[PDB]
file model12.cif (mmCIF, C-alpha atoms and all ligand atoms)
data_work
#
loop_
_atom_site.group_PDB
_atom_site.id
_atom_site.type_symbol
_atom_site.label_atom_id
_atom_site.label_comp_id
_atom_site.auth_asym_id
_atom_site.auth_seq_id
_atom_site.Cartn_x
_atom_site.Cartn_y
_atom_site.Cartn_z
ATOM 1 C CA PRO M 1 -16.487 -16.733 -35.795
ATOM 2 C CA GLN M 2 -15.469 -15.699 -39.316
ATOM 3 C CA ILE M 3 -15.822 -11.959 -39.930
ATOM 4 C CA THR M 4 -15.969 -10.405 -43.382
ATOM 5 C CA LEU M 5 -14.771 -6.854 -43.947
ATOM 6 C CA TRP M 6 -17.531 -5.248 -46.033
ATOM 7 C CA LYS M 7 -18.307 -3.342 -42.823
ATOM 8 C CA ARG M 8 -16.031 -2.230 -40.010
ATOM 9 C CA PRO M 9 -15.214 -5.289 -37.815
ATOM 10 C CA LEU M 10 -16.874 -3.956 -34.670
ATOM 11 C CA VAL M 11 -17.483 -6.286 -31.721
ATOM 12 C CA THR M 12 -18.765 -5.891 -28.184
ATOM 13 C CA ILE M 13 -16.150 -6.004 -25.429
ATOM 14 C CA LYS M 14 -16.406 -6.139 -21.642
ATOM 15 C CA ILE M 15 -13.808 -4.243 -19.610
ATOM 16 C CA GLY M 16 -13.924 -3.021 -16.028
ATOM 17 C CA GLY M 17 -17.290 -4.756 -15.900
ATOM 18 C CA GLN M 18 -18.617 -2.355 -18.550
ATOM 19 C CA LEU M 19 -19.725 -3.080 -22.117
ATOM 20 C CA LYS M 20 -18.328 -1.183 -25.110
ATOM 21 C CA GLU M 21 -17.948 -1.456 -28.876
ATOM 22 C CA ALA M 22 -14.471 -1.819 -30.364
ATOM 23 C CA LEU M 23 -12.818 -2.261 -33.749
ATOM 24 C CA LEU M 24 -10.669 -5.326 -34.434
ATOM 25 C CA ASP M 25 -7.637 -3.588 -35.928
ATOM 26 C CA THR M 26 -4.859 -5.741 -37.375
ATOM 27 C CA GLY M 27 -2.936 -2.560 -38.197
ATOM 28 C CA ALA M 28 -2.674 -1.583 -34.526
ATOM 29 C CA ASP M 29 0.184 -3.043 -32.495
ATOM 30 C CA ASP M 30 -1.565 -2.024 -29.274
ATOM 31 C CA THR M 31 -5.098 -1.832 -27.899
ATOM 32 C CA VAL M 32 -6.320 1.756 -27.400
ATOM 33 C CA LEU M 33 -9.664 2.704 -25.852
ATOM 34 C CA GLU M 34 -11.398 6.048 -25.543
ATOM 35 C CA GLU M 35 -11.342 7.973 -22.281
ATOM 36 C CA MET M 36 -12.658 5.859 -19.409
ATOM 37 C CA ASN M 37 -12.049 5.081 -15.742
ATOM 38 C CA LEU M 38 -10.015 1.934 -15.065
ATOM 39 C CA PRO M 39 -8.804 0.821 -11.612
ATOM 40 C CA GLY M 40 -5.204 0.073 -10.739
ATOM 41 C CA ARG M 41 -1.897 1.761 -11.424
ATOM 42 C CA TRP M 42 -1.124 3.302 -14.804
ATOM 43 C CA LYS M 43 1.923 4.778 -16.507
ATOM 44 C CA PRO M 44 1.868 7.742 -18.919
ATOM 45 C CA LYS M 45 2.846 6.699 -22.429
ATOM 46 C CA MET M 46 2.906 7.980 -26.001
ATOM 47 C CA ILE M 47 1.654 6.209 -29.132
ATOM 48 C CA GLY M 48 1.750 7.308 -32.758
ATOM 49 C CA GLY M 49 -0.779 6.870 -35.531
ATOM 50 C CA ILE M 50 -1.386 8.253 -39.008
ATOM 51 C CA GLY M 51 -1.878 11.814 -37.742
ATOM 52 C CA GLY M 52 0.911 11.981 -35.159
ATOM 53 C CA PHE M 53 1.407 11.082 -31.515
ATOM 54 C CA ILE M 54 -0.948 11.189 -28.530
ATOM 55 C CA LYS M 55 -0.571 10.830 -24.772
ATOM 56 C CA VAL M 56 -2.194 7.757 -23.232
ATOM 57 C CA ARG M 57 -2.522 5.964 -19.903
ATOM 58 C CA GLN M 58 -1.018 2.462 -19.985
ATOM 59 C CA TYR M 59 -2.858 -0.167 -17.922
ATOM 60 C CA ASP M 60 -1.043 -3.499 -17.645
ATOM 61 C CA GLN M 61 -2.507 -6.984 -17.181
ATOM 62 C CA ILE M 62 -6.098 -5.797 -17.673
ATOM 63 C CA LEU M 63 -8.868 -8.359 -18.053
ATOM 64 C CA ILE M 64 -10.962 -7.785 -21.171
ATOM 65 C CA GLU M 65 -13.547 -9.973 -22.925
ATOM 66 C CA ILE M 66 -13.657 -9.667 -26.721
ATOM 67 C CA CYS M 67 -16.636 -11.263 -28.475
ATOM 68 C CA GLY M 68 -16.787 -13.984 -25.834
ATOM 69 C CA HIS M 69 -13.014 -14.560 -25.642
ATOM 70 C CA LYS M 70 -11.000 -13.548 -22.586
ATOM 71 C CA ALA M 71 -7.724 -11.646 -22.798
ATOM 72 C CA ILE M 72 -5.437 -10.244 -20.105
ATOM 73 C CA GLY M 73 -2.965 -7.639 -21.250
ATOM 74 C CA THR M 74 -2.005 -4.062 -21.911
ATOM 75 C CA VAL M 75 -4.785 -1.537 -22.520
ATOM 76 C CA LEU M 76 -4.003 2.057 -23.500
ATOM 77 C CA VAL M 77 -6.568 4.760 -22.673
ATOM 78 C CA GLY M 78 -6.634 8.116 -24.426
ATOM 79 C CA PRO M 79 -8.013 10.309 -27.225
ATOM 80 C CA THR M 80 -8.230 7.647 -29.907
ATOM 81 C CA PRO M 81 -10.932 8.321 -32.533
ATOM 82 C CA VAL M 82 -12.468 4.901 -31.794
ATOM 83 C CA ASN M 83 -11.939 1.933 -29.487
ATOM 84 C CA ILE M 84 -9.481 -0.442 -31.174
ATOM 85 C CA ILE M 85 -8.378 -3.967 -30.294
ATOM 86 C CA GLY M 86 -4.768 -4.308 -31.417
ATOM 87 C CA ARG M 87 -2.538 -7.293 -32.073
ATOM 88 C CA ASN M 88 -1.406 -7.608 -28.449
ATOM 89 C CA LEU M 89 -4.894 -8.909 -27.592
ATOM 90 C CA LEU M 90 -5.936 -10.258 -30.996
ATOM 91 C CA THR M 91 -3.170 -12.838 -30.576
ATOM 92 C CA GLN M 92 -4.593 -13.831 -27.188
ATOM 93 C CA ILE M 93 -8.041 -14.638 -28.598
ATOM 94 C CA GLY M 94 -6.478 -16.624 -31.438
ATOM 95 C CA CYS M 95 -7.374 -14.197 -34.217
ATOM 96 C CA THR M 96 -5.842 -14.665 -37.673
ATOM 97 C CA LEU M 97 -6.193 -13.138 -41.117
ATOM 98 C CA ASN M 98 -7.272 -15.586 -43.808
ATOM 99 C CA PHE M 99 -7.670 -15.278 -47.571
ATOM 100 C CA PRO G 1 -2.940 -18.381 -46.633
ATOM 101 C CA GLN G 2 -3.362 -17.814 -42.890
ATOM 102 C CA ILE G 3 -1.525 -14.921 -41.251
ATOM 103 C CA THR G 4 -0.978 -14.903 -37.514
ATOM 104 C CA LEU G 5 -0.702 -11.561 -35.736
ATOM 105 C CA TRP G 6 2.391 -12.091 -33.570
ATOM 106 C CA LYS G 7 4.079 -9.582 -35.893
ATOM 107 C CA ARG G 8 2.767 -6.876 -38.188
ATOM 108 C CA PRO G 9 0.828 -8.450 -41.112
ATOM 109 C CA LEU G 10 3.113 -7.126 -43.836
ATOM 110 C CA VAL G 11 2.857 -8.544 -47.358
ATOM 111 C CA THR G 12 4.229 -7.684 -50.782
ATOM 112 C CA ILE G 13 1.950 -5.732 -53.113
ATOM 113 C CA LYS G 14 2.281 -4.680 -56.749
ATOM 114 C CA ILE G 15 0.942 -1.275 -57.802
ATOM 115 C CA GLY G 16 1.677 0.981 -60.760
ATOM 116 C CA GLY G 17 4.457 -1.390 -61.749
ATOM 117 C CA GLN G 18 6.187 -1.186 -58.352
ATOM 118 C CA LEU G 19 6.615 -3.778 -55.611
ATOM 119 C CA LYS G 20 6.057 -2.609 -52.046
ATOM 120 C CA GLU G 21 5.464 -3.932 -48.546
ATOM 121 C CA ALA G 22 2.062 -3.068 -47.078
ATOM 122 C CA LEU G 23 0.111 -3.744 -43.889
ATOM 123 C CA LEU G 24 -3.115 -5.760 -44.120
ATOM 124 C CA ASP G 25 -5.215 -3.474 -41.923
ATOM 125 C CA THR G 26 -8.780 -4.362 -40.903
ATOM 126 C CA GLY G 27 -8.928 -1.047 -39.030
ATOM 127 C CA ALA G 28 -8.446 1.030 -42.192
ATOM 128 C CA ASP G 29 -11.601 1.800 -44.164
ATOM 129 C CA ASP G 30 -9.550 2.585 -47.279
ATOM 130 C CA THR G 31 -6.121 1.818 -48.688
ATOM 131 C CA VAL G 32 -3.449 4.489 -48.161
ATOM 132 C CA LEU G 33 0.021 4.220 -49.690
ATOM 133 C CA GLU G 34 3.219 6.150 -49.101
ATOM 134 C CA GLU G 35 3.995 9.052 -51.416
ATOM 135 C CA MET G 36 4.383 7.993 -55.051
ATOM 136 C CA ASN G 37 3.926 9.797 -58.370
ATOM 137 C CA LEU G 38 0.986 7.954 -59.924
ATOM 138 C CA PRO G 39 -0.550 9.118 -63.219
ATOM 139 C CA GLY G 40 -4.180 10.052 -63.721
ATOM 140 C CA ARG G 41 -6.689 12.380 -62.133
ATOM 141 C CA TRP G 42 -7.274 12.511 -58.382
ATOM 142 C CA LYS G 43 -9.320 14.280 -55.721
ATOM 143 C CA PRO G 44 -8.099 15.724 -52.402
ATOM 144 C CA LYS G 45 -9.178 14.006 -49.210
ATOM 145 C CA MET G 46 -8.522 14.054 -45.471
ATOM 146 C CA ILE G 47 -8.285 10.815 -43.479
ATOM 147 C CA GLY G 48 -8.161 10.729 -39.694
ATOM 148 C CA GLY G 49 -6.612 8.384 -37.178
ATOM 149 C CA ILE G 50 -4.667 8.533 -33.947
ATOM 150 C CA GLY G 51 -3.011 11.949 -33.827
ATOM 151 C CA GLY G 52 -5.345 13.733 -36.257
ATOM 152 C CA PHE G 53 -5.675 13.947 -40.029
ATOM 153 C CA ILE G 54 -3.358 13.920 -43.022
ATOM 154 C CA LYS G 55 -4.030 15.185 -46.535
ATOM 155 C CA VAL G 56 -3.985 12.509 -49.243
ATOM 156 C CA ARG G 57 -4.671 12.209 -52.956
ATOM 157 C CA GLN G 58 -7.570 9.918 -53.859
ATOM 158 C CA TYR G 59 -7.128 7.833 -57.008
ATOM 159 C CA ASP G 60 -10.013 5.628 -58.136
ATOM 160 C CA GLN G 61 -10.021 2.263 -59.913
ATOM 161 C CA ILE G 62 -6.349 1.489 -59.261
ATOM 162 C CA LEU G 63 -5.195 -2.109 -59.707
ATOM 163 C CA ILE G 64 -3.263 -3.597 -56.780
ATOM 164 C CA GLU G 65 -1.963 -7.161 -56.579
ATOM 165 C CA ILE G 66 -1.869 -8.378 -52.967
ATOM 166 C CA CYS G 67 -0.065 -11.705 -52.466
ATOM 167 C CA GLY G 68 -0.951 -12.702 -56.021
ATOM 168 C CA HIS G 69 -4.603 -11.687 -55.524
ATOM 169 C CA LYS G 70 -5.713 -8.892 -57.849
ATOM 170 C CA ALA G 71 -7.867 -6.046 -56.540
ATOM 171 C CA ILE G 72 -8.987 -2.737 -58.012
ATOM 172 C CA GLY G 73 -10.467 0.199 -56.176
ATOM 173 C CA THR G 74 -9.739 3.435 -54.405
ATOM 174 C CA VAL G 75 -6.134 4.074 -53.417
ATOM 175 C CA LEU G 76 -5.161 7.078 -51.323
ATOM 176 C CA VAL G 77 -1.647 8.503 -51.589
ATOM 177 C CA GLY G 78 -0.046 10.779 -49.026
ATOM 178 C CA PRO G 79 2.384 11.139 -46.113
ATOM 179 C CA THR G 80 1.456 7.913 -44.367
ATOM 180 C CA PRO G 81 4.312 6.312 -42.381
ATOM 181 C CA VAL G 82 3.331 2.863 -43.712
ATOM 182 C CA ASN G 83 1.666 1.352 -46.771
ATOM 183 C CA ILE G 84 -1.794 0.243 -45.593
ATOM 184 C CA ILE G 85 -4.224 -2.094 -47.350
ATOM 185 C CA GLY G 86 -7.680 -1.205 -46.050
ATOM 186 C CA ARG G 87 -11.041 -2.950 -46.111
ATOM 187 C CA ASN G 88 -12.007 -1.581 -49.536
ATOM 188 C CA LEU G 89 -9.410 -3.923 -51.078
ATOM 189 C CA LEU G 90 -9.202 -6.649 -48.407
ATOM 190 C CA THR G 91 -12.793 -7.614 -49.226
ATOM 191 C CA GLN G 92 -11.878 -8.089 -52.883
ATOM 192 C CA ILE G 93 -9.210 -10.700 -52.048
ATOM 193 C CA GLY G 94 -11.526 -12.668 -49.749
ATOM 194 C CA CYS G 95 -9.757 -11.675 -46.535
ATOM 195 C CA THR G 96 -11.538 -12.475 -43.267
ATOM 196 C CA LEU G 97 -10.842 -12.377 -39.549
ATOM 197 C CA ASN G 98 -11.184 -15.689 -37.731
ATOM 198 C CA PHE G 99 -11.084 -16.735 -34.089
HETATM 199 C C1 LIG M 101 4.220 7.596 -35.832
HETATM 200 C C2 LIG M 101 3.938 6.197 -36.432
HETATM 201 O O1 LIG M 101 5.018 5.320 -36.176
HETATM 202 P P1 LIG M 101 5.324 4.054 -37.228
HETATM 203 O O2 LIG M 101 6.277 3.110 -36.638
HETATM 204 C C3 LIG M 101 3.710 3.175 -37.599
HETATM 205 O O3 LIG M 101 2.726 4.170 -37.831
HETATM 206 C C4 LIG M 101 1.440 3.657 -38.129
HETATM 207 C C5 LIG M 101 1.176 2.145 -38.041
HETATM 208 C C6 LIG M 101 -0.217 1.596 -38.370
HETATM 209 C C7 LIG M 101 -1.328 2.576 -38.775
HETATM 210 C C8 LIG M 101 -2.743 2.040 -39.101
HETATM 211 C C9 LIG M 101 -3.622 2.371 -37.884
HETATM 212 N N1 LIG M 101 -2.921 1.864 -36.728
HETATM 213 C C10 LIG M 101 -2.790 2.621 -35.473
HETATM 214 O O4 LIG M 101 -3.159 3.749 -35.357
HETATM 215 O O5 LIG M 101 -2.192 1.888 -34.411
HETATM 216 C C11 LIG M 101 -1.713 2.650 -33.206
HETATM 217 C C12 LIG M 101 -2.069 2.007 -32.174
HETATM 218 O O6 LIG M 101 -1.091 0.688 -32.210
HETATM 219 C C13 LIG M 101 0.064 1.145 -32.551
HETATM 220 O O7 LIG M 101 0.695 0.286 -33.720
HETATM 221 C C14 LIG M 101 0.510 0.976 -34.820
HETATM 222 C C15 LIG M 101 0.415 2.538 -34.356
HETATM 223 C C16 LIG M 101 -0.166 2.551 -33.140
HETATM 224 C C17 LIG M 101 -4.967 1.658 -37.973
HETATM 225 O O8 LIG M 101 -4.750 0.306 -38.150
HETATM 226 C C18 LIG M 101 -5.777 2.229 -39.172
HETATM 227 N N2 LIG M 101 -6.186 3.647 -38.881
HETATM 228 C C19 LIG M 101 -7.642 3.888 -38.585
HETATM 229 C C20 LIG M 101 -7.952 3.537 -37.079
HETATM 230 C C21 LIG M 101 -9.493 3.535 -36.840
HETATM 231 C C22 LIG M 101 -10.095 4.962 -36.947
HETATM 232 C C23 LIG M 101 -7.226 4.570 -36.143
HETATM 233 C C24 LIG M 101 -7.288 4.057 -34.688
HETATM 234 S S1 LIG M 101 -5.385 4.904 -39.788
HETATM 235 O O9 LIG M 101 -5.370 6.188 -39.094
HETATM 236 O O10 LIG M 101 -3.966 4.635 -40.043
HETATM 237 C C25 LIG M 101 -6.295 4.994 -41.367
HETATM 238 C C26 LIG M 101 -7.594 5.808 -41.431
HETATM 239 C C27 LIG M 101 -8.357 5.867 -42.753
HETATM 240 C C28 LIG M 101 -7.816 5.109 -43.980
HETATM 241 N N3 LIG M 101 -8.556 5.170 -45.240
HETATM 242 C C29 LIG M 101 -6.513 4.289 -43.897
HETATM 243 C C30 LIG M 101 -5.746 4.228 -42.574
HETATM 244 C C31 LIG M 101 -1.074 4.086 -38.860
HETATM 245 C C32 LIG M 101 0.324 4.635 -38.533
HETATM 246 O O11 LIG M 101 5.926 4.611 -38.678
HETATM 247 C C33 LIG M 101 6.879 5.654 -38.669
HETATM 248 C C34 LIG M 101 8.343 5.062 -38.765
#

call {"tool": "encode", "arguments": {"input": "model12.cif", "output": "structure tokens", "more": "lines below"}}
Ligand SMILES: CCOP(=O)(COc1ccc(C[C@H](NC(=O)O[C@H]2CO[C@H]3OCC[C@H]32)[C@H](O)CN(CC(CC)CC)S(=O)(=O)c2ccc(N)cc2)cc1)OCC
result
Amino acid sequence: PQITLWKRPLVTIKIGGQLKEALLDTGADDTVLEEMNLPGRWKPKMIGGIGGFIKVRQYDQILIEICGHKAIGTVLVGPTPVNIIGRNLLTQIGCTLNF
Amino acid sequence: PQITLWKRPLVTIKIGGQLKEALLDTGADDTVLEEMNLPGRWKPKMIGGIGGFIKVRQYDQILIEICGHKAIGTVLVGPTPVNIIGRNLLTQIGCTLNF
């Protein structure tokens, strides 16, 4: 689809078999989701945003469906203000900016 | 043009007679630029992201040229680590997400 930006570009995602809403965020290098339970091993990591740095749980090679497009990659879980899909998965679903 | 997301979507902008590099950021509601001494009146504001909030100065009706496309609207100025073009101006240059 083509998505205009008059409103936040929120889409439904499916991860761990559960549905959620997430923001397509071209300014995010990485995908960061709010606190949730995900199976498999995870490594503690840090990521920085406009307000400073936070501690997150890094899950590698995670299956995640974004607006009907499948991705498999790194998902960070932690106290982000909102669920964001970053460039590491936006590239996988073929997302581009166009103007 | 079409911008892929393999790397950060950085482009040249022109504001207050200065050229700068800025991130085209669909995750940012509003444009926030690194510290610069703009003229005119302003209002204090707090914007939040990963890590918490920062204090910024809100200027209204500021002209920004983004890749030769002219836009005018709210521009926040403060201690952001990166120049960020948010949705308030991305809409004005016809920018969309596509996959
Ligand atoms: C310590 C920093 O290190 P740096 O290298 C790069 O810092 C940054 C790089 C990009 C961004 C931009 C930010 N990206 C981000 O948080 O992404 C993080 C996860 O992915 C990696 O990749 C980049 C960082 C992490 C979002 O796109 C936009 N935000 C909102 C979003 C939705 C609520 C927040 C999830 S907002 O808060 O900024 C914002 C809020 C209101 C506004 N009116 C305007 C902006 C901020 C800082 O610079 C120092 C050398």

call {"tool": "interface_residues", "arguments": {"input": "model12.cif", "of": "chain G", "to": "chain M", "cutoff": "6 Å", "atoms": "all atoms listed in the file", "output": "PDB file with C-alpha atoms, in the coordinates of the input"}}
result
ATOM      1  CA  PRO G   1      -2.940 -18.381 -46.633  1.00  0.00           C
ATOM      2  CA  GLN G   2      -3.362 -17.814 -42.890  1.00  0.00           C
ATOM      3  CA  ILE G   3      -1.525 -14.921 -41.251  1.00  0.00           C
ATOM      4  CA  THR G   4      -0.978 -14.903 -37.514  1.00  0.00           C
ATOM      5  CA  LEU G   5      -0.702 -11.561 -35.736  1.00  0.00           C
ATOM      6  CA  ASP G  25      -5.215  -3.474 -41.923  1.00  0.00           C
ATOM      7  CA  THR G  26      -8.780  -4.362 -40.903  1.00  0.00           C
ATOM      8  CA  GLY G  27      -8.928  -1.047 -39.030  1.00  0.00           C
ATOM      9  CA  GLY G  49      -6.612   8.384 -37.178  1.00  0.00           C
ATOM     10  CA  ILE G  50      -4.667   8.533 -33.947  1.00  0.00           C
ATOM     11  CA  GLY G  51      -3.011  11.949 -33.827  1.00  0.00           C
ATOM     12  CA  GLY G  52      -5.345  13.733 -36.257  1.00  0.00           C
ATOM     13  CA  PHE G  53      -5.675  13.947 -40.029  1.00  0.00           C
ATOM     14  CA  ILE G  54      -3.358  13.920 -43.022  1.00  0.00           C
ATOM     15  CA  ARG G  87     -11.041  -2.950 -46.111  1.00  0.00           C
ATOM     16  CA  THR G  91     -12.793  -7.614 -49.226  1.00  0.00           C
ATOM     17  CA  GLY G  94     -11.526 -12.668 -49.749  1.00  0.00           C
ATOM     18  CA  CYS G  95      -9.757 -11.675 -46.535  1.00  0.00           C
ATOM     19  CA  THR G  96     -11.538 -12.475 -43.267  1.00  0.00           C
ATOM     20  CA  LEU G  97     -10.842 -12.377 -39.549  1.00  0.00           C
ATOM     21  CA  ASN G  98     -11.184 -15.689 -37.731  1.00  0.00           C
ATOM     22  CA  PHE G  99     -11.084 -16.735 -34.089  1.00  0.00           C
TER      23      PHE G  99
END

call {"tool": "calpha_fit_rmsd", "arguments": {"input": "model12.cif", "fixed": "chain G", "moving": "chain M"}}
result
0.5 Å

call {"tool": "atom_distance", "arguments": {"input": "model12.cif", "atom1": "atom CA of residue G:30", "atom2": "atom CA of residue M:76"}}
result
24.4 Å

call {"tool": "residues_around", "arguments": {"input": "model12.cif", "residues": "residue M:61", "least_positions_apart": "6", "cutoff": "9 Å", "atoms": "only C-alpha atoms", "output": "PDB file with C-alpha atoms, in the coordinates of the input"}}
result
ATOM      1  CA  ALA M  71      -7.724 -11.646 -22.798  1.00  0.00           C
ATOM      2  CA  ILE M  72      -5.437 -10.244 -20.105  1.00  0.00           C
ATOM      3  CA  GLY M  73      -2.965  -7.639 -21.250  1.00  0.00           C
ATOM      4  CA  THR M  74      -2.005  -4.062 -21.911  1.00  0.00           C
ATOM      5  CA  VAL M  75      -4.785  -1.537 -22.520  1.00  0.00           C
TER       6      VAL M  75
END

call {"tool": "closest_residue", "arguments": {"input": "model12.cif", "among": "M:46, M:57, M:65, M:18", "to": "ligand LIG 101 (chain M)", "atoms": "all atoms listed in the file"}}
result
M:46

call {"tool": "atom_distance", "arguments": {"input": "model12.cif", "atom1": "atom CA of residue M:38", "atom2": "atom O9 of ligand LIG 101 (chain M)"}}
result
24.8 Å

call {"tool": "atom_distance", "arguments": {"input": "model12.cif", "atom1": "atom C3 of ligand LIG 101 (chain M)", "atom2": "atom CA of residue G:59"}}
result
22.7 Å

call {"tool": "axis_aligned_box", "arguments": {"input": "model12.cif", "around": "ligand LIG 101 (chain M)", "padding_each_side": "4 Å", "output": "lines of an AutoDock Vina configuration file"}}
result
center_x = -0.9
center_y = 3.9
center_z = -38.7
size_x = 26.4
size_y = 15.3
size_z = 21.1

call {"tool": "residues_around", "arguments": {"input": "model12.cif", "residues": "residue M:83", "least_positions_apart": "4", "cutoff": "8 Å", "atoms": "only C-alpha atoms", "output": "PyMOL selection string"}}
result
chain M and resi 21-23+31-34

call {"tool": "write_last_selection", "arguments": {"input": "model12.cif", "atoms": "C-alpha atoms", "output": "PDB file, keeping the file's coordinate frame"}}
result
ATOM      1  CA  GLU M  21     -17.948  -1.456 -28.876  1.00  0.00           C
ATOM      2  CA  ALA M  22     -14.471  -1.819 -30.364  1.00  0.00           C
ATOM      3  CA  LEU M  23     -12.818  -2.261 -33.749  1.00  0.00           C
ATOM      4  CA  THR M  31      -5.098  -1.832 -27.899  1.00  0.00           C
ATOM      5  CA  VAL M  32      -6.320   1.756 -27.400  1.00  0.00           C
ATOM      6  CA  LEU M  33      -9.664   2.704 -25.852  1.00  0.00           C
ATOM      7  CA  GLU M  34     -11.398   6.048 -25.543  1.00  0.00           C
TER       8      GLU M  34
END

call {"tool": "closest_residue", "arguments": {"input": "model12.cif", "among": "M:37, M:56, M:64, M:14", "to": "ligand LIG 101 (chain M)", "atoms": "all atoms listed in the file"}}
result
M:56

call {"tool": "closest_residue", "arguments": {"input": "model12.cif", "among": "M:36, M:16, M:77, M:63", "to": "ligand LIG 101 (chain M)", "atoms": "all atoms listed in the file"}}
result
M:77

call {"tool": "closest_residue", "arguments": {"input": "model12.cif", "among": "M:45, M:12, M:62, M:39", "to": "ligand LIG 101 (chain M)", "atoms": "all atoms listed in the file"}}
result
M:45
